[PDB]
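*Asks:* experimental structure below, sequence on top.
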Amino acid sequence: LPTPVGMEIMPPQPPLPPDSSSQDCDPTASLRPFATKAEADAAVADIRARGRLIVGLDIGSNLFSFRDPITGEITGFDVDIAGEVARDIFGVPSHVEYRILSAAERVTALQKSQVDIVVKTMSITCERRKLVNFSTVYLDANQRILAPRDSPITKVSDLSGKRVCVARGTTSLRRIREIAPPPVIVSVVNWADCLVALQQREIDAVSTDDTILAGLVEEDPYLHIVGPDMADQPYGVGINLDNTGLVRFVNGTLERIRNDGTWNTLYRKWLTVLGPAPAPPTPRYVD
Ligand SMILES: NC(=O)C[C@H](N)C(=O)O
């Protein structure tokens, strides 16, 4: 039996209070794109000279960034979003190199300038905005619960005292830490590890973005998604705090794909399990 390396039963801790200052900073507002093509091209000249866009992501999130078992290629919604940025830089999307990063390493790789962008289901938060920059929102998810079809778990309070899996370094862990009385919290490196743990009955439920959970359901249709929206998860492209030019550039790409049909095509390609495509998230700008 496969045992995913890195599984930890976390020490019992008192519930954290829900923090109401979380929206103080208006986290989803970002920087307006450049008005001229020449300004935008200048802002990515260093990337262009390096010959490829270096993108941080992983292979642990089915539907978002994973290795296709048939073609062997890294693919998914997040891969395709990153490829549209590369298309804007290079003219075609294929000039991308990946740096494999866990959820807990997304901020550090940006701080250390180890990638140009992170496209890895990265929720935009005020705490993260103290450390990195973000594009406007490219997909809006919400934290829910995944359990086997025969499980009685249907609401948040059912998680108390039960074994709930979360990946380390995620907003999902922070939300589960609010539950009173606490679940038994089992943490792992990536969300695919939570699926293995549930398949082996080493946990009782998984809680994270409904988008990610839908990817797990696609791999294991014995599971289903239950419960209310537990916490908004607005995804942004993560960028080094000081590279404001790249923020504006990526926001230009997002304006393009929201309006030229590409975003709709990518949603239909990857996410129809969640329902018919909504309108793309409306961008918000500070300036
Ligand atoms: N694994 C994830 O990305 C979960 C959540 N979107 C986060 O930003 O932490």
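*Replies:* Structure's in. What do you need? Residues are numbered from 1 along each chain as shown.
*Asks:* residue 57 is in contact with residue 82, isn't it?
*Replies:* Yes - if you go by Cβ atoms under 8 Å, residue 57 and residue 82 touch, sitting 7.2 Å apart. In this view, the C-beta of every residue, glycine as well, is placed from N, C-alpha and C.
*Asks:* quick check: neighbours shared by those two?
*Replies:* Shared contacts of residue 57 and residue 82, defined by Cβ atoms under 8 Å, 6 or more residues apart in numbering, are found at residue 119.
*Asks:* burial check on residue 88, number of neighbours?
*Replies:* 20 (other Cβ atoms under 10 Å).
*Asks:* and residue 191, by the same measure?
*Replies:* 27.
*Asks:* how close does it get to the ligand?
*Replies:* Look at residue 191 and the ligand: by Cβ to the nearest ligand atom, to the nearest Å, they are 6 Å apart.
*Asks:* next: residue 261.
*Replies:* As for residue 261, its distance to the ligand is 26 Å (criterion: Cβ to the nearest ligand atom).
*Asks:* just the CA coordinates for stretch 135-145, please, in CSV.
*Replies:* Extracted in CSV, the C-alpha atoms of stretch 135-145 (Å, rounded to 0.1, in the frame of the first residue of the first chain):
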residue,chain,number,x,y,z
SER,A,135,-2.5,39.7,-10.1
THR,A,136,-6.2,40.3,-10.2
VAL,A,137,-8.5,37.3,-9.4
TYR,A,138,-8.5,34.6,-12.1
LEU,A,139,-10.8,32.1,-10.5
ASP,A,140,-12.9,32.3,-7.3
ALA,A,141,-13.3,29.1,-5.3
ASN,A,142,-14.7,28.3,-1.9
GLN,A,143,-13.6,25.9,0.8
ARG,A,144,-15.9,22.9,1.3
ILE,A,145,-15.7,19.3,2.6
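*Asks:* mind listing what's buried along that stretch?
*Replies:* 135-141, 143-145 (16 or more other Cβ atoms under 10 Å).
*Asks:* now, which of those residues lie close to the ligand?
*Replies:* By Cβ under 6 Å from any ligand atom, no member of the buried residues of stretch 135-145 lies near the ligand.
*Asks:* out of those, which comes closest to the ligand?
*Replies:* Comparing those against the ligand with Cβ to the nearest ligand atom picks out residue 141 as the nearest, at 6.7 Å.
*Asks:* surely that closest one is in a strand?
*Replies:* Yes - assessed with DSSP: H, G, I helix; E, B strand; the rest coil, residue 141 lies in a strand.
*Asks:* which ones are touching it?
*Replies:* 121, 123, 209-212, 232-235.
*Asks:* what about 6 Å?
*Replies:* The contact partners of residue 141, taken as Cβ atoms under 6 Å, 6 or more residues apart in numbering, are 209-211, 233.
*Asks:* of these, which ones also sit close to the ligand?
*Replies:* Here is what survives when the contacts of residue 141 are matched to the ligand using Cβ under 6 Å from any ligand atom: 209, 233.
*Asks:* number of residues surrounding the closest residue to residue 22 other than its chain neighbours?
*Replies:* Closest residue to residue 22 apart from its sequence neighbours, by Cβ to Cβ, 6 or more residues apart in numbering: residue 126 at 6.0 Å. The burial count assigned to residue 126 is 14, neighbours taken as other Cβ under 10 Å.
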